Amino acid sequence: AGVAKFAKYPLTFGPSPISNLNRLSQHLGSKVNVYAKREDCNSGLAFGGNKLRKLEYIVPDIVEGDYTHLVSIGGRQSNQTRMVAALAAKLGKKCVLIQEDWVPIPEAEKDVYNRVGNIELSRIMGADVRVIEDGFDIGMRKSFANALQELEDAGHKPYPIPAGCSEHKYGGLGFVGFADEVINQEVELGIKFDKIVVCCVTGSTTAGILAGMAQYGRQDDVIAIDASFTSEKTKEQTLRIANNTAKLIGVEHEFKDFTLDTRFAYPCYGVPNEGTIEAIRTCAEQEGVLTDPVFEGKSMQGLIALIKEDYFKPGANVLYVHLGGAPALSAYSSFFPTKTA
């Protein structure tokens, strides 16, 4: 073990807080005690989020080396790119973002969906936002590739940052430190967490938590709720990252598999189902915490489902990992009508 041997650049206030959602717990039958590690309350940089934790280990590279532009990629309401933008700004460097068509832009939303939410913030931060129309994929893209070359031939030095940082060499380190941090907060809080629920789409967050938790032999505490709907390639890339990050930090353990619940990614990436919406409501109504229809909502419904079906031992302390993404809620305004009194 040793994430400590890796250069880190501060992009957050420090250990993200842990909220005690004791009210949402009772509402769900008091079967478990739900807690939430607020990564959505990461830093001052454009609403923060899980991405900032990842970026903290990639930045040093960008700074030591000589670069000029930071180019990343993601969907329309990509939280990722919005943070690379904020990052680029804070680092005083140019930024090129490739917004692809990863989600079937719902009808009563194709008006705002492309200019009201996360993408808007990237522009406001002065990023070179580029709207392209390609499919959804958690791997390396050709568009991302050409964009890179474009800048190079232009005489610049582009810094590549794959979707969600996941496939990046150090894309898994940020959440390794997330485990160290959780272990420490368990002691200060006087609360041991039996399980950790986290949304998974491109990997790294879960992989990092897996490799990190492994340092204490607790990898199995993890429960990733798929939100990509492409479970197959998702579990393969997550596991691929987990083993690399483990090798990096010195963890000998070999990840052959992990808990990846797939019952909630439907209909598909970026589109919430009746369940997602119900979960966002329930959580918002009970704790005043906001979750989005693309990720947190689904991981939340998932959390709610498992609790329902008495998946956890009676009284178990479950740590829900709120990764953020609430700023993209304005591109889904149509999914939440007003409640009757």
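The first residue of the sequence shown is number 1, and the count goes up from there.
- The stretch 121-129 shows the higher mean C-alpha B-factor when 121-129 is compared against 179-187 in the entry.
- Annotation for 77-85 versus 140-148: the higher mean temperature factor (C-alpha) is found in 140-148.
- Reading the B-factor column for the CA atoms of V198, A154, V201, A214 in the entry, the top value corresponds to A154.
- In this structure the maximum Cα B-factor among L55, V63, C41, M300 is found at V63.
- Annotation for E232: CA B-factor lies in the highest third of the chain's modelled residues.
- Per-chain ranking of the deposited C-alpha B factor places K37 in the lowest third.
- Among the modelled residues of its chain, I161 has a C-alpha B-factor that falls in the middle third according to the deposited record.
- For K51, the recorded CA B-factor ranks within the lowest third of the chain. Only modelled residues enter the ranking.
- Among all modelled residues in this chain, the alpha-carbon of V112 has a temperature factor (C-alpha) in the highest third.
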